[PDB]
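Just below is one structure, and these are the notes that go with it.
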Amino acid sequence: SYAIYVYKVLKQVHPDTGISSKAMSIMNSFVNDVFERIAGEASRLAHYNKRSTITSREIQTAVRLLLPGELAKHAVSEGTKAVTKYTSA
Amino acid sequence: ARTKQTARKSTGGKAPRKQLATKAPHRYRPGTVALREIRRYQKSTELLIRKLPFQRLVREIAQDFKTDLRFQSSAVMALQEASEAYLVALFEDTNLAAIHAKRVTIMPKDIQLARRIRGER
Amino acid sequence: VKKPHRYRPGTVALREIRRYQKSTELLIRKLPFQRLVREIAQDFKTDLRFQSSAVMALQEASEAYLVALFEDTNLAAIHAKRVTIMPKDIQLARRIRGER
Amino acid sequence: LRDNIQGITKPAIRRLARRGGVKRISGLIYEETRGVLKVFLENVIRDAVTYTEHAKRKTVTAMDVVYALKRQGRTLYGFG
Amino acid sequence: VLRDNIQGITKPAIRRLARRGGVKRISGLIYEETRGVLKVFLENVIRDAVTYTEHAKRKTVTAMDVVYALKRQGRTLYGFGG
Amino acid sequence: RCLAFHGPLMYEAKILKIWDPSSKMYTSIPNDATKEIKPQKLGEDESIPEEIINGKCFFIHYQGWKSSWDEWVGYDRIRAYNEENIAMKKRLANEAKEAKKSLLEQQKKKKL
DNA sequence: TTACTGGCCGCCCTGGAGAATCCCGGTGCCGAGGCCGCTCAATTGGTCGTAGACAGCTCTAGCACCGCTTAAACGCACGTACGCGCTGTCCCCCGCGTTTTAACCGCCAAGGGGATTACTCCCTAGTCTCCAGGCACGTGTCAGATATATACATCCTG
DNA sequence: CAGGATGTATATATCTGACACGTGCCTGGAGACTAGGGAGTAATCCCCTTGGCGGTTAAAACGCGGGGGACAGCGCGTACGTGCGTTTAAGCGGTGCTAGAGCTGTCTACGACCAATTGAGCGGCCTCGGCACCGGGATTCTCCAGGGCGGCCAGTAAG
């Protein structure tokens, strides 16, 4: 149930727009699929390199394979912010 | 000489015999409405295949894989919204193949090609 | 007068179709290919070194992709009832696949 | 349920292809499309049943059909 | 630095493929067009191929890498490396 | 080089050898490193037409025709290669161009 | 008057003349495979901890049926747009010599980086304890569905 | 061009079933503390890519005819779409019934884990036969010049 999380985003990006109870289903079914593709690719990527543990660098490289073009640029630009912010505190 | 046969041996036809074998102005030119039918559909999302004739189509297929299945009324939908889309993609590809062949009307040649080229044969 | 005994246009190609499908060697010339791959990768990350096989592995796949293309653009060219394939088919046979 | 594929009508296919984008549909399609749709379900169901037959269940639930569709490459969204 | 290599794929090498494919007559525009396709196909495989190579921090693009970049896109390869 | 008047119009040819027929023994550049010319006795299997043989004689290779197909010529057929001698071929070639078209008028008359 | 066979034009399959390809008889060449240590991963014998197999039970959700409205299907009529088959036209690509070129092979090298160990360290899994964010359920305004009734919008069809 | 007819789009108003917020709750996550096992860090070395050298010949580029397919035009006739009228059965809303989905509790069989043991499958060496290669005939494949063959008028035989 990523739906509460999705609503929090939508109410941020659009303070007025609402979301139907089927879209949440699309997104809850969507985020899970992207997460599976990425984390699945991340696992296979560590196996090729004989590494045992999935780490911060594995996911980043796992992204640039899946997301096409401009998305790869901003996603990894977003990801690095989170880790640096988290590691700040 | 070769004589086929008669299938049934009675003059009455068993309709009169009990325990029967057989008784227990203004017009639009062609095409102008077609386009009007497209924009009336490509703008809408409602399901096109009739539902209760689909339900009875899925059940018939399930039998020869397993007997006495019971489908959740959701899992008959999830099939329909899939098999509707599969076809709409197939028809776009065939329309491309026909525009290619320089005619307008899709035909089974176009269907079979749009499947062969996909490799989904 | 003066006839060099030229085969009929069309029967050299079929002949050499029968000669290549039977054979199995590599068609795209090895070295002028390698100088292409080194040139493509030179764009994404400068100063790479390619293992020998890793160049071969590409050419082995790059061929069997094109051959998969022509054997599928031909079906499009047969379709319009003509024989000669044409770029208005490779533009089709790549959009039917959805790979675009 | 002897013949239900004849239940997917002529206007049913005609309506679909109208969404697809065609203009004129030749007569032999209305039969030939049924041949495609049938061989599509025989693949999607035969997978959906196997997931079901494994979990010991006796009901092909939507969470199965979404899975059977996923291996087909035709990922489905909105159900689970 | 390398330049103008795509025209290295010789015009016969386009037909020599196309024969094996099974086409009889080839128009004039196909040759210049096919390079356009093959170049697109490499910038896909090579890239995904490079990314792994960057990942393990190893400079040389391992033959095993290319088998992976292909395996991701959907064209598995048999016999090279494994 | 040489040019060989073949019937109506000539064609492009190349001097395969240079032979003094009075010597009755020909000198040819062999095939391949550069193969130096060798003076060889006229082949008995080799036949010479008189026009080539009265004056200095020479076997030729036509351009465009295969060596197995390639054959002999007379010397009246041979005028030394010259752009003017190429022109007359072309004039005949142009005269040969509508020659097929002039015949086709009878076929045009045959069809109509 | 009617009548219609014969003659000449009409025009094939078939031998040949090449080219391409197969047959087979040698002739080396190198890797398929057989053999030999050996080591390190599979095997065996035992314990421990729990995943799930199994049994029973609470309610959901599905199946069956059914009677009514009505929207969708179906069949018939018709008229005409288009798929298609034919003819004609011409350009452009295949075929085959020539002429230029750069792939290839083999050969040498150099140094670069991928592949070991040693070491040392520090990071996440595992565990225990406490609590508040996410979930489920309730509800309650409310934006969207729905009915109805203008305002142009295109479409023919003169 | 001129103009009616049509269909979709547009406005106003009327309900609702439905999504947004409230509130309680309990279960997963955050705090806190190690432990050793994975990960990084330093030589090193060697083998393996990159790089240059020269012969050489297989192959790419180039040139030209013409032969055949690309394409445009056209005649057409039929398999289409469109519209009407009839007629299905699809959808809606209920009533009823019940397999069976989902969840609990109990506890036994099963798999993780470990030490010691051993032989299977590993790398390395070495070899000789399967096979690539070449050569030249024998054989097949293809292309094409010369060649028997119905369709017509001319003069035929005549009611």
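By order of appearance in the structure tokens: chains A, B, ..., then residues from 1 within every chain, and ligands from 1 in the order shown.
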Find the residues of chain G in contact range of chain A, meaning any atom within 12 Å when counting only C-alpha atoms (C1' of nucleotides), and list them as a compact mmCIF listing (two decimals) with N, CA, C and O atoms (P, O5', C5', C4', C3', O3' and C1' of nucleotides), in the first residue's frame.
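Just written: part-v6.txt:
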```
# COMPACT_ATOMS: atom_id res chain seq x y z
P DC G 123 31.73 2.30 8.38
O5' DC G 123 30.98 1.29 7.39
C5' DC G 123 31.31 -0.09 7.41
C4' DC G 123 30.14 -0.93 6.96
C3' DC G 123 28.79 -0.30 7.18
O3' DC G 123 27.83 -1.05 6.49
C1' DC G 123 29.24 -1.86 8.90
P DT G 124 26.37 -0.45 6.18
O5' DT G 124 25.41 -1.72 6.36
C5' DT G 124 25.64 -2.88 5.58
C4' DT G 124 25.26 -4.14 6.34
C3' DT G 124 23.82 -4.20 6.83
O3' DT G 124 23.41 -5.55 6.82
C1' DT G 124 25.25 -4.34 8.67
P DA G 125 21.86 -5.95 6.80
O5' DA G 125 21.86 -7.36 7.53
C5' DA G 125 23.03 -8.16 7.49
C4' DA G 125 23.00 -9.25 8.54
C3' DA G 125 21.62 -9.67 8.99
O3' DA G 125 21.65 -11.04 9.35
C1' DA G 125 22.74 -8.50 10.76
P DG G 133 4.27 9.70 14.16
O5' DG G 133 4.35 9.05 12.70
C5' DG G 133 5.35 8.07 12.40
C4' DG G 133 4.82 6.96 11.50
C3' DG G 133 3.92 7.39 10.36
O3' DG G 133 4.05 6.47 9.31
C1' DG G 133 2.68 6.05 11.87
P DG G 134 3.47 6.79 7.85
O5' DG G 134 2.61 5.49 7.51
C5' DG G 134 3.22 4.21 7.61
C4' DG G 134 2.18 3.10 7.58
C3' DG G 134 1.11 3.23 6.50
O3' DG G 134 0.80 1.94 6.00
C1' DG G 134 0.11 3.31 8.66
P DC G 135 -0.41 1.72 4.97
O5' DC G 135 -1.56 1.13 5.89
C5' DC G 135 -1.22 0.20 6.91
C4' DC G 135 -2.44 -0.56 7.40
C3' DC G 135 -3.60 -0.59 6.43
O3' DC G 135 -4.31 -1.81 6.56
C1' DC G 135 -4.20 0.66 8.37
P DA G 143 -16.55 20.21 -4.45
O5' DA G 143 -15.97 19.65 -5.83
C5' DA G 143 -14.90 18.72 -5.81
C4' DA G 143 -15.18 17.52 -6.71
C3' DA G 143 -15.31 17.83 -8.19
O3' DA G 143 -14.91 16.69 -8.93
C1' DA G 143 -17.38 17.05 -7.39
P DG G 144 -14.68 16.78 -10.52
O5' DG G 144 -15.60 15.60 -11.09
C5' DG G 144 -15.39 14.26 -10.66
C4' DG G 144 -16.60 13.40 -10.92
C3' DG G 144 -17.10 13.39 -12.36
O3' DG G 144 -17.56 12.08 -12.68
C1' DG G 144 -18.83 14.11 -10.95
```
Please provide the set of residues having any atom within 12 Å of segment 25-33 of chain D, restricted to only C-alpha atoms (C1' of nucleotides), with same-chain residues fewer than 6 positions apart removed, written as a PyMOL selection string. (chain B and resi 31+34+83-84+86-88+90-91+94-95+98+103-112+115) or (chain D and resi 5-18+39-40) or (chain G and resi 82-83) or (chain H and resi 79-81)
Kindly export the residues of the current selection with C-alpha atoms (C1' of nucleotides), as a CSV table (one decimal), in the first residue's frame.
```
chain,number,residue,atom,x,y,z
B,31,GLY,CA,-16.2,6.3,-44.9
B,34,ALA,CA,-16.3,5.4,-40.1
B,83,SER,CA,-7.5,-9.2,-24.5
B,84,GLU,CA,-9.2,-6.0,-25.6
B,86,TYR,CA,-4.0,-7.0,-27.3
B,87,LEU,CA,-6.4,-6.7,-30.2
B,88,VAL,CA,-6.3,-3.0,-30.4
B,90,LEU,CA,-2.8,-5.9,-33.4
B,91,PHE,CA,-5.3,-3.7,-35.3
B,94,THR,CA,-2.4,-4.3,-39.3
B,95,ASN,CA,-3.6,-0.9,-40.3
B,98,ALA,CA,-2.3,-2.1,-45.1
B,103,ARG,CA,-4.9,-0.3,-49.7
B,104,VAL,CA,-7.1,0.9,-47.0
B,105,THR,CA,-9.0,-2.3,-45.9
B,106,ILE,CA,-7.2,-4.6,-43.5
B,107,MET,CA,-7.3,-8.2,-44.4
B,108,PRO,CA,-6.1,-11.6,-43.1
B,109,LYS,CA,-2.9,-11.2,-45.0
B,110,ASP,CA,-2.3,-8.1,-43.0
B,111,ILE,CA,-3.2,-9.9,-39.7
B,112,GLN,CA,-0.9,-12.7,-40.4
B,115,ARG,CA,1.8,-11.2,-36.2
D,5,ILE,CA,-16.3,-17.9,-29.8
D,6,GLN,CA,-19.1,-17.2,-32.2
D,7,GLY,CA,-20.4,-15.0,-29.4
D,8,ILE,CA,-17.8,-12.3,-30.0
D,9,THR,CA,-19.9,-10.7,-32.6
D,10,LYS,CA,-19.2,-9.0,-35.9
D,11,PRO,CA,-19.9,-5.6,-34.4
D,12,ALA,CA,-17.7,-6.6,-31.5
D,13,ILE,CA,-14.6,-6.9,-33.7
D,14,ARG,CA,-15.8,-3.9,-35.8
D,15,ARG,CA,-16.0,-1.8,-32.7
D,16,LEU,CA,-12.5,-2.8,-31.6
D,17,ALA,CA,-10.8,-2.2,-34.8
D,18,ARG,CA,-12.6,1.2,-35.0
D,39,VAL,CA,-5.0,-18.6,-29.2
D,40,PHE,CA,-4.3,-15.6,-27.0
G,82,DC,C1',-11.8,0.4,-53.9
G,83,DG,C1',-8.8,-4.0,-54.7
H,79,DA,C1',-17.6,-6.6,-51.3
H,80,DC,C1',-17.8,-3.4,-48.8
H,81,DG,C1',-20.9,0.6,-45.3
```
Give as an mmCIF file with N, CA and C atoms, in the first residue's frame every residue of chain A that touches chain E within 12 Å, counting only C-alpha atoms.
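Listed below is the output, iface-v4.cif:
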```cif
data_model
loop_
_atom_site.group_PDB
_atom_site.id
_atom_site.type_symbol
_atom_site.label_atom_id
_atom_site.label_comp_id
_atom_site.auth_asym_id
_atom_site.auth_seq_id
_atom_site.Cartn_x
_atom_site.Cartn_y
_atom_site.Cartn_z
ATOM 1 N N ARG A 37 11.757 -4.135 -10.713
ATOM 2 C CA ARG A 37 12.712 -4.114 -11.816
ATOM 3 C C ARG A 37 14.068 -3.604 -11.355
ATOM 4 N N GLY A 40 15.499 -5.895 -8.589
ATOM 5 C CA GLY A 40 15.850 -7.137 -9.257
ATOM 6 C C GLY A 40 17.110 -7.004 -10.088
ATOM 7 N N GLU A 41 17.205 -5.931 -10.874
ATOM 8 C CA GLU A 41 18.425 -5.676 -11.628
ATOM 9 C C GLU A 41 19.603 -5.442 -10.696
ATOM 10 N N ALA A 42 19.362 -4.780 -9.564
ATOM 11 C CA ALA A 42 20.439 -4.539 -8.612
ATOM 12 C C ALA A 42 21.004 -5.845 -8.080
ATOM 13 N N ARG A 44 20.980 -8.855 -9.561
ATOM 14 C CA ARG A 44 21.751 -9.493 -10.621
ATOM 15 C C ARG A 44 23.069 -8.769 -10.854
ATOM 16 N N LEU A 45 23.087 -7.451 -10.661
ATOM 17 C CA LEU A 45 24.302 -6.693 -10.932
ATOM 18 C C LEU A 45 25.373 -6.992 -9.893
ATOM 19 N N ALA A 46 24.977 -7.181 -8.637
ATOM 20 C CA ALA A 46 25.953 -7.548 -7.621
ATOM 21 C C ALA A 46 26.449 -8.972 -7.818
ATOM 22 N N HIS A 47 25.600 -9.853 -8.349
ATOM 23 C CA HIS A 47 26.012 -11.236 -8.562
ATOM 24 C C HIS A 47 27.084 -11.337 -9.638
ATOM 25 N N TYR A 48 26.920 -10.603 -10.744
ATOM 26 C CA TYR A 48 27.949 -10.600 -11.781
ATOM 27 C C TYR A 48 29.299 -10.175 -11.227
ATOM 28 N N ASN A 49 29.317 -9.185 -10.341
ATOM 29 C CA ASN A 49 30.562 -8.640 -9.822
ATOM 30 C C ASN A 49 31.030 -9.331 -8.553
ATOM 31 N N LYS A 50 30.470 -10.493 -8.225
ATOM 32 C CA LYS A 50 30.860 -11.307 -7.078
ATOM 33 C C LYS A 50 30.638 -10.602 -5.747
ATOM 34 N N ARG A 51 30.070 -9.401 -5.760
ATOM 35 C CA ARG A 51 29.781 -8.696 -4.522
ATOM 36 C C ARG A 51 28.624 -9.366 -3.796
ATOM 37 N N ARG A 57 25.818 2.232 -4.353
ATOM 38 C CA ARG A 57 26.313 2.357 -5.719
ATOM 39 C C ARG A 57 25.651 1.356 -6.655
ATOM 40 N N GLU A 58 25.161 0.237 -6.121
ATOM 41 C CA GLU A 58 24.533 -0.769 -6.968
ATOM 42 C C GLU A 58 23.219 -0.257 -7.541
ATOM 43 N N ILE A 59 22.434 0.450 -6.727
ATOM 44 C CA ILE A 59 21.138 0.934 -7.185
ATOM 45 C C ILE A 59 21.313 2.014 -8.242
ATOM 46 N N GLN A 60 22.263 2.926 -8.031
ATOM 47 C CA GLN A 60 22.502 3.989 -9.000
ATOM 48 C C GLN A 60 22.810 3.421 -10.376
ATOM 49 N N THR A 61 23.760 2.489 -10.448
ATOM 50 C CA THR A 61 24.060 1.838 -11.717
ATOM 51 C C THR A 61 22.871 1.036 -12.226
ATOM 52 N N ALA A 62 22.057 0.495 -11.319
ATOM 53 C CA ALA A 62 20.865 -0.230 -11.744
ATOM 54 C C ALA A 62 19.851 0.703 -12.389
ATOM 55 N N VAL A 63 19.847 1.975 -11.995
ATOM 56 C CA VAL A 63 18.898 2.920 -12.573
ATOM 57 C C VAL A 63 19.274 3.242 -14.012
ATOM 58 N N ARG A 64 20.528 3.646 -14.238
ATOM 59 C CA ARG A 64 20.952 4.108 -15.556
ATOM 60 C C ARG A 64 20.750 3.066 -16.648
ATOM 61 N N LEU A 65 20.514 1.807 -16.286
ATOM 62 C CA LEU A 65 20.189 0.803 -17.292
ATOM 63 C C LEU A 65 18.718 0.853 -17.677
ATOM 64 N N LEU A 66 17.838 1.118 -16.715
ATOM 65 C CA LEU A 66 16.403 1.016 -16.952
ATOM 66 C C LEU A 66 15.809 2.328 -17.456
ATOM 67 N N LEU A 67 15.964 3.395 -16.688
ATOM 68 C CA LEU A 67 15.354 4.668 -17.045
ATOM 69 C C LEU A 67 15.991 5.219 -18.315
ATOM 70 N N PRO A 68 15.200 5.593 -19.319
ATOM 71 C CA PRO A 68 15.774 6.035 -20.594
ATOM 72 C C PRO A 68 16.050 7.532 -20.606
ATOM 73 N N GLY A 69 17.276 7.888 -20.963
ATOM 74 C CA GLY A 69 17.585 9.263 -21.323
ATOM 75 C C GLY A 69 17.479 10.230 -20.161
#
```
Identify all residues of chain A in helix (DSSP H, G or I) (DSSP on the backbone) and supply them as number ranges by chain. A: 3-13, 23-48, 56-66, 70-88
Show me, as CSV, the residues of chain G having an atom within 10 Å of chain D, each with the closest atom pair and its distance in Å, using only C-alpha atoms (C1' of nucleotides).
```
residue,atom,partner,partner_atom,distance
G:62,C1',D:59,CA,9.6
G:72,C1',D:11,CA,8.9
G:73,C1',D:11,CA,7.7
G:74,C1',D:10,CA,9.7
```
Skip residue 4 of chain D itself and residues of its chain fewer than 2 positions away, then list as a CSV table (one decimal) with N, CA, C and O atoms, in the first residue's frame all residues within 10 Å of it, counting only C-alpha atoms (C1' of nucleotides).
```
chain,number,residue,atom,x,y,z
B,53,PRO,N,-21.0,-12.4,-22.9
B,53,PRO,CA,-20.5,-13.4,-23.9
B,53,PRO,C,-19.0,-13.6,-23.7
B,53,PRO,O,-18.5,-14.6,-24.3
B,54,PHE,N,-18.3,-12.8,-23.0
B,54,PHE,CA,-16.9,-13.1,-22.7
B,54,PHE,C,-16.7,-14.0,-21.6
B,54,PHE,O,-16.0,-15.0,-21.7
B,55,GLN,N,-17.4,-13.8,-20.5
B,55,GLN,CA,-17.5,-14.7,-19.4
B,55,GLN,C,-17.7,-16.1,-19.8
B,55,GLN,O,-17.0,-17.0,-19.4
B,56,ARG,N,-18.6,-16.3,-20.7
B,56,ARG,CA,-18.9,-17.7,-21.2
B,56,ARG,C,-17.8,-18.2,-22.2
B,56,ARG,O,-17.7,-19.4,-22.4
B,57,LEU,N,-17.0,-17.3,-22.7
B,57,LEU,CA,-15.8,-17.7,-23.5
B,57,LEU,C,-14.6,-18.1,-22.6
B,57,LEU,O,-13.9,-19.1,-23.0
B,58,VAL,N,-14.4,-17.4,-21.5
B,58,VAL,CA,-13.3,-17.8,-20.7
B,58,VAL,C,-13.6,-19.1,-20.0
B,58,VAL,O,-12.7,-20.0,-19.9
B,59,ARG,N,-14.8,-19.3,-19.5
B,59,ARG,CA,-15.1,-20.6,-18.9
B,59,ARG,C,-14.9,-21.8,-19.9
B,59,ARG,O,-14.3,-22.8,-19.5
B,60,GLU,N,-15.3,-21.6,-21.1
B,60,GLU,CA,-15.1,-22.7,-22.1
B,60,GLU,C,-13.7,-23.0,-22.3
B,60,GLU,O,-13.3,-24.2,-22.5
B,61,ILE,N,-12.8,-22.0,-22.2
B,61,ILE,CA,-11.4,-22.3,-22.4
B,61,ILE,C,-10.8,-23.0,-21.2
B,61,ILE,O,-9.9,-23.8,-21.3
D,1,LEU,N,-22.4,-24.3,-24.0
D,1,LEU,CA,-21.1,-23.6,-24.2
D,1,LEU,C,-20.4,-24.3,-25.4
D,1,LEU,O,-19.1,-24.3,-25.4
D,2,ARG,N,-21.1,-24.9,-26.3
D,2,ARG,CA,-20.5,-25.6,-27.4
D,2,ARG,C,-19.7,-24.7,-28.3
D,2,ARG,O,-18.5,-24.9,-28.6
D,6,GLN,N,-18.2,-17.8,-31.3
D,6,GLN,CA,-19.1,-17.2,-32.2
D,6,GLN,C,-19.9,-16.1,-31.5
D,6,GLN,O,-20.7,-15.4,-32.1
D,7,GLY,N,-19.7,-16.0,-30.2
D,7,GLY,CA,-20.4,-15.0,-29.4
D,7,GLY,C,-19.8,-13.6,-29.5
D,7,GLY,O,-20.4,-12.6,-29.4
D,8,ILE,N,-18.5,-13.6,-29.7
D,8,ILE,CA,-17.8,-12.3,-30.0
D,8,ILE,C,-18.2,-11.9,-31.4
D,8,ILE,O,-17.8,-12.6,-32.4
D,9,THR,N,-19.0,-10.9,-31.5
D,9,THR,CA,-19.9,-10.7,-32.6
D,9,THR,C,-19.1,-10.2,-33.8
D,9,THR,O,-17.9,-10.1,-33.8
```
With distances taken over only C-alpha atoms, which residue among F:35, F:14, F:66, F:61 lies nearest chain C?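 Of F:35, F:14, F:66, F:61, the one nearest chain C is F:66, counting only C-alpha atoms.
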Show me, as a Markdown table, the residues of chain H having an atom within 12 Å of chain A, each with the closest atom pair and its distance in Å, using only C-alpha atoms (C1' of nucleotides).
```
| residue | atom | partner | partner_atom | distance |
| --- | --- | --- | --- | --- |
| H:18 | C1' | A:21 | CA | 9.0 |
| H:19 | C1' | A:20 | CA | 7.2 |
| H:20 | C1' | A:18 | CA | 9.0 |
| H:37 | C1' | A:52 | CA | 11.1 |
| H:38 | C1' | A:52 | CA | 7.7 |
| H:39 | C1' | A:51 | CA | 9.1 |
```
Give me, as a ChimeraX atom specification, the residues of chain E touching chain H, with the criterion being at most 12 Å (counting only C-alpha atoms (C1' of nucleotides)). /E:8-13,24-27,59-62
Report as an mmCIF file with C-alpha atoms, in the first residue's frame all protein, DNA and RNA residues lying within 9 Å of residue 55 of chain F, evaluated on only C-alpha atoms (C1' of nucleotides), omitting residues in the same chain fewer than 2 positions from it.
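Dumped to out-v3.cif:
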```
data_model
loop_
_atom_site.group_PDB
_atom_site.id
_atom_site.type_symbol
_atom_site.label_atom_id
_atom_site.label_comp_id
_atom_site.auth_asym_id
_atom_site.auth_seq_id
_atom_site.Cartn_x
_atom_site.Cartn_y
_atom_site.Cartn_z
ATOM 1 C CA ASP F 20 56.461 -9.401 -86.532
ATOM 2 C CA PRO F 21 54.669 -11.802 -88.909
ATOM 3 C CA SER F 22 57.658 -11.964 -91.251
ATOM 4 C CA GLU F 50 45.797 -12.265 -93.240
ATOM 5 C CA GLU F 51 45.069 -8.593 -92.577
ATOM 6 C CA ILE F 52 46.751 -8.797 -89.219
ATOM 7 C CA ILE F 53 49.583 -10.845 -90.735
ATOM 8 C CA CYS F 57 50.588 -8.408 -86.309
ATOM 9 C CA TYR F 75 44.776 -5.054 -89.053
#
```
Go through segment 6-54 of chain F and collect every residue that DSSP, computed from the backbone, puts in strand (DSSP E or B); the answer should be as an mmCIF file with N, CA, C and O atoms, in the first residue's frame.
```
data_model
loop_
_atom_site.group_PDB
_atom_site.id
_atom_site.type_symbol
_atom_site.label_atom_id
_atom_site.label_comp_id
_atom_site.auth_asym_id
_atom_site.auth_seq_id
_atom_site.Cartn_x
_atom_site.Cartn_y
_atom_site.Cartn_z
ATOM 1 N N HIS F 6 34.820 -4.136 -85.535
ATOM 2 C CA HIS F 6 34.047 -5.371 -85.590
ATOM 3 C C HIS F 6 32.742 -5.088 -86.319
ATOM 4 O O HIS F 6 31.793 -4.568 -85.724
ATOM 5 N N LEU F 9 30.638 -1.194 -86.119
ATOM 6 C CA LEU F 9 31.352 -0.320 -85.198
ATOM 7 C C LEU F 9 32.418 -1.098 -84.443
ATOM 8 O O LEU F 9 32.272 -2.299 -84.195
ATOM 9 N N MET F 10 33.490 -0.401 -84.087
ATOM 10 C CA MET F 10 34.597 -0.987 -83.346
ATOM 11 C C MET F 10 34.264 -1.069 -81.857
ATOM 12 O O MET F 10 33.149 -0.778 -81.414
ATOM 13 N N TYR F 11 35.253 -1.482 -81.066
ATOM 14 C CA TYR F 11 35.131 -1.556 -79.617
ATOM 15 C C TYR F 11 36.500 -1.301 -79.002
ATOM 16 O O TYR F 11 37.513 -1.218 -79.701
ATOM 17 N N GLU F 12 36.519 -1.167 -77.680
ATOM 18 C CA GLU F 12 37.771 -0.936 -76.971
ATOM 19 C C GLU F 12 38.553 -2.235 -76.815
ATOM 20 O O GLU F 12 38.022 -3.248 -76.350
ATOM 21 N N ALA F 13 39.827 -2.199 -77.194
ATOM 22 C CA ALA F 13 40.673 -3.380 -77.150
ATOM 23 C C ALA F 13 42.025 -3.011 -76.559
ATOM 24 O O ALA F 13 42.372 -1.835 -76.439
ATOM 25 N N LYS F 14 42.783 -4.036 -76.182
ATOM 26 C CA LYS F 14 44.116 -3.857 -75.627
ATOM 27 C C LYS F 14 45.087 -4.799 -76.316
ATOM 28 O O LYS F 14 44.786 -5.979 -76.513
ATOM 29 N N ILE F 15 46.259 -4.272 -76.663
ATOM 30 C CA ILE F 15 47.276 -5.051 -77.362
ATOM 31 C C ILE F 15 47.817 -6.113 -76.407
ATOM 32 O O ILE F 15 48.522 -5.807 -75.443
ATOM 33 N N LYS F 17 49.825 -8.615 -77.395
ATOM 34 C CA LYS F 17 51.179 -8.938 -77.812
ATOM 35 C C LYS F 17 51.569 -8.027 -78.963
ATOM 36 O O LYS F 17 50.749 -7.272 -79.489
ATOM 37 N N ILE F 18 52.844 -8.093 -79.335
ATOM 38 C CA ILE F 18 53.363 -7.423 -80.522
ATOM 39 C C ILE F 18 54.201 -8.429 -81.300
ATOM 40 O O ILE F 18 55.129 -9.033 -80.750
ATOM 41 N N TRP F 19 53.857 -8.629 -82.569
ATOM 42 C CA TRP F 19 54.426 -9.712 -83.354
ATOM 43 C C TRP F 19 54.845 -9.203 -84.724
ATOM 44 O O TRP F 19 54.111 -8.449 -85.368
ATOM 45 N N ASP F 20 56.032 -9.620 -85.161
ATOM 46 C CA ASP F 20 56.461 -9.401 -86.532
ATOM 47 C C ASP F 20 56.110 -10.635 -87.344
ATOM 48 O O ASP F 20 56.769 -11.675 -87.187
ATOM 49 N N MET F 25 56.995 -15.363 -85.526
ATOM 50 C CA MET F 25 57.148 -15.741 -84.126
ATOM 51 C C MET F 25 56.805 -14.532 -83.268
ATOM 52 O O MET F 25 57.411 -13.468 -83.415
ATOM 53 N N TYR F 26 55.807 -14.687 -82.403
ATOM 54 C CA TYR F 26 55.194 -13.563 -81.715
ATOM 55 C C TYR F 26 55.843 -13.309 -80.362
ATOM 56 O O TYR F 26 56.396 -14.214 -79.731
ATOM 57 N N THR F 27 55.767 -12.056 -79.928
ATOM 58 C CA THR F 27 56.288 -11.617 -78.641
ATOM 59 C C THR F 27 55.137 -11.078 -77.803
ATOM 60 O O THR F 27 54.461 -10.128 -78.210
ATOM 61 N N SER F 28 54.921 -11.678 -76.634
ATOM 62 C CA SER F 28 53.776 -11.361 -75.794
ATOM 63 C C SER F 28 54.223 -11.089 -74.366
ATOM 64 O O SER F 28 55.208 -11.656 -73.889
ATOM 65 N N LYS F 38 58.376 -12.156 -74.060
ATOM 66 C CA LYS F 38 59.162 -13.283 -74.536
ATOM 67 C C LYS F 38 58.877 -13.492 -76.019
ATOM 68 O O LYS F 38 57.703 -13.508 -76.426
ATOM 69 N N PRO F 39 59.905 -13.629 -76.856
ATOM 70 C CA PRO F 39 59.667 -13.966 -78.266
ATOM 71 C C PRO F 39 59.403 -15.457 -78.424
ATOM 72 O O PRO F 39 60.295 -16.283 -78.219
ATOM 73 N N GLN F 40 58.173 -15.802 -78.800
ATOM 74 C CA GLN F 40 57.772 -17.192 -78.944
ATOM 75 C C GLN F 40 57.348 -17.475 -80.378
ATOM 76 O O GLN F 40 56.830 -16.604 -81.081
ATOM 77 N N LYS F 41 57.573 -18.716 -80.802
ATOM 78 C CA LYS F 41 57.175 -19.143 -82.135
ATOM 79 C C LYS F 41 55.656 -19.139 -82.264
ATOM 80 O O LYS F 41 54.938 -19.502 -81.328
#
```
